[PDB]
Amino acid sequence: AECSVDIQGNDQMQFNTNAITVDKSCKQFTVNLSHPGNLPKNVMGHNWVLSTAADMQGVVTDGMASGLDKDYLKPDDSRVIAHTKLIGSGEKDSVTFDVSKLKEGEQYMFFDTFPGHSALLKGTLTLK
């Protein structure tokens, strides 16, 4: 079945999807992130970070304290299942992860850890 998704986050604080479904016959799953807009990474950086729904708050809280030079993730954060780089306008990055990290029945969120962004640049991810 399809095992990749293209995602944009723009300068208007939107990802172009808020809901990803990962087909359970996929062995790996790829997210391709790009960033329409004009603003640089240090003011309008976005990443795509996956964790369980329950872990999202703590990843976001620790990430935002970690600084730009950490790409806004706490180093060795074991809650992070997969993520792209933090990217600014005009840049792109992909991540491919093993679908065996995901479990059916569990709720996942993807989100941006750039400070303050996750209230807007987030959505759900389901293994179906």
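Numbers for residues come from their place in the sequence shown, where the first is 1.
When the C-alpha B-factors of 109 to 117 and 10 to 18 are averaged, 10 to 18 comes out higher.
Per-stretch averaging of Cα B factors for 73 to 81 and 98 to 106 places 98 to 106 on top.
Each of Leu33, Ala65, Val59, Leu50 has a CA temperature factor in the record; the biggest one is found at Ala65. The PDB entry assigns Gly90 a C-alpha temperature factor belonging to the highest third of its chain's modelled residues.
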